[PDB]
Structure formats: structure tokens, C-alpha cells
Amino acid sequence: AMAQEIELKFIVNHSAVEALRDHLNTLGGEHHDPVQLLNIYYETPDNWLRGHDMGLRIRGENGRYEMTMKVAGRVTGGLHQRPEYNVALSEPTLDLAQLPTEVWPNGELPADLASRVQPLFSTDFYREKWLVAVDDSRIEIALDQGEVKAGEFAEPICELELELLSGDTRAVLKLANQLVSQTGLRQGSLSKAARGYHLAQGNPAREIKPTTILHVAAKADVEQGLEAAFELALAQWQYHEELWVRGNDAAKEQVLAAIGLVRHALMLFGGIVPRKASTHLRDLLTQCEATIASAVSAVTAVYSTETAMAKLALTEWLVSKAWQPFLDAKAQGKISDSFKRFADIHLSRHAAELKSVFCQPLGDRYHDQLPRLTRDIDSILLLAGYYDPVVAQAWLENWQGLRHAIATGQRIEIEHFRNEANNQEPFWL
């Protein structure tokens, strides 16, 4: 009853726009000159639509109007997969009765919604378009430039979208592979609406989000756990890259931590998914990490080909389920078994590593064990989700305290947390 939009969003570094437009014009597509799109998004005084990850707008294109509702979907790197429903309008006034009932979480429009919605923010941008064919798929490329604005608070729009009109998502990823060979693009996880909503709250600074325990569904198989783990790592990378490029220098550490989590997830599932399933991905991650470490500028590091290629490789690996053809019968059997049972086994494996390494004081050699400690914490974050979160986070807190204290050189706190970590018991079966 609902249509499905699939598009890959890249934020474009402002200085790269001309070179990008030039490059797009070599692809041999059907091109359309820029058109002004004027949008007003609507919201209640109590943030009802944002609460359900839904966006309601009226779009104007030279006096022609369209109402669009998008609802909660999936965002994986730059790839937005959202159910949507579009309705042609005769003038810029909402007609909420024309939307299907499936739009609503309830199955009925709230009685006072039309009465309580107000214009919350606008987007005003010029969109230039190229239609291209890739294999048996058709893709609309859009280059958008303008503003998103909520009263006094505005920010620039400068972005590129590859929307799948029909065919396979693999085609969108194939097209993306050509474009990230030049600098100036980064995958964007924030919709224009998400940014508008944030501006409308007074554009508060975004805070670093420490990774917490992954909670996977009760009866999930190991493959579902794997997917959730990589989704989490990619989401943490996206989130902190966005904060870093917007000026939060402390977010750099968290970008590197998220890339580390990707590596640790590959190790964790390495008894099932062979190492050769991720050779190229891991090579790209290495070059990205080196670029980030030596960068003088977040902008340069984030818009680099090293970062862009690594991120696209991860997005493609995850969305295409690239591990699947590498699995022999034994691996297929193991990946289809219980994630809960898998996690209990691996919790013990990582606990044994933590116990053997940190049972004794290490003097001046703690920093040498950071990679091991970080791997084990990351692995336990991915595995501990079927237990009481208060108990499991409390157990992890001591190891996390140790890791922090080692990283910052706090001698007293190192020994404190090492003792706390060694005195606590396991929480798992």
C-alpha cells in the first residue's frame, strides 16, 4: 500500500561542486537544468511526526504542488530506504485524508492532527538532474544546492543523491563506485528533514554517542546478529564523522573507534565468515585509518578518496550480504543457528582473554595491551545483549574504565579499575 524509495545520499564538499557537475556531464545521461524546489515541512507543537521518524511536506515546483509523507525505514551509511506516498495537490494546503491508513502507526489519522500542525521548517534548493542507465536499472542523479531553514536557524544544502527508479540496489552501489574515485563526497545519513527538525530545536550541538550493548531480537540467528553488528558499526562511523566534519574534534577518536568495531566484528564472526570475504574491505579500512591519523583537517580526511572508498566498501559489503557466497555448508549451518547460544560461547572466549592479560599489574606496559582490551570490550558490546542491560553494562563499565585510564595515563585509576574488573563475576550462562 506504500511505495518504497531507495536512494544513496552524498554530502558534497562545497569546493568540489563544479568538478562534480563536470564529471556527471561525462556520463552520457539525460540532463535537466536546475529547478527551484520550495518545501514546507509540517509538525505538531509536541514533535509527533519526528517521534515516528516520519516527515510531512508540501513541495512546490514552479507553482505545481505535491504532498509527500515519508515514514520510518532503514538508513545504512548513505543508503536511505523509506516507504513514501506522494499526492498531487491543486494548491499548497494539506489533504491528510488522501494518505493511506498504513501511513499512520495507529491505522487512523489522529483527530486533531490537521488542526495542530504548523510549518516547522523549509527547504529551498536548486536541483539539477541526470538520468542514467546502469545494467537493467534506471537511476536519477540529483545535485541539490540551497538551504534548510527553521526560523532564524539555517544551514547549507550541498548534496548528491542517486535514486533507484527501478531495478536493483546493486546498480546504485555500482554507480557510486565510479564517483568516489574523486574527492569531495561523503555518505550522508541525515535526511533534509532530520536536519530541519534539529534546526527547529535551536540547532543544539550534537553530542558524542558512546557505543552501548547491541540488543538483537530474541530468536535471531547468528546471521541476524552479524547484520546488526555491522549496521551498528557503520551507524557509529556515520554519526561521528558527521560530528567531526561539523567541528567536534573529539569525534575523531570515535570515528577511529567505529572503524575498529568493524574490524573486531570481522574477527568475532571469523569462525564462520572466512578472512578472504573481507580482504579488500580491510585493505581499504587500513588506508582510511592512516589518512585520518595524519590529517591536518577533518574536511580533507572525511572527503578523501581513502575514506570514501572504505565507507562505500563497507556499505556495499553489508547491503549486498557479501559474506554469503563464501559460506560452505558447515558455515551456513553455524550462521543459521541461535545468536544467543553463539554469544554465550564467545562471551567466555573474550572473558578468558581479559582475565589472562589483566590478572596482574602491568607497570609501564599497559598501553601495549590497548588493542587487545579494545577488541574484547567491542566484542562483548556486540555479544552481551540477551542479559539484563544494567548488570551487563555494570560489568563492562569496569573494563571501559580501565581502557580509559590506560589511554589517558591515569596510574591510580588503572589499578582501581583493574582490581574492580578482576573482582567481579561473569553475568552470562
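Throughout, we count residues from 1 along the sequence that is shown.
On average the C-alpha atoms of 46-54 have higher B-factors than those of the other stretch, with 391-399 and 46-54 being the two compared.
Remark: stretch with higher mean C-alpha B factor among 20-28 and 5-13 is 20-28. Taking the PDB entry at face value, the top CA B factor among 352, 117, 266, 314 belongs to 117. The top Cα temperature factor in the record, among 77, 270, 105, 210, falls on 105. Ranked by C-alpha B-factor against the other modelled residues of its chain, residue 67 falls in the highest third. In the deposited entry, the Cα temperature factor of residue 372 sits in the middle third of values across the chain's modelled residues.
Annotation for residue 174: CA B-factor lies in the highest third of the chain's modelled residues.
Residue 196: CA B factor in the lowest third of modelled residues in this chain (values from the PDB entry). Among the modelled residues of its chain, residue 288 has a C-alpha B-factor that falls in the middle third, as given in the PDB entry.
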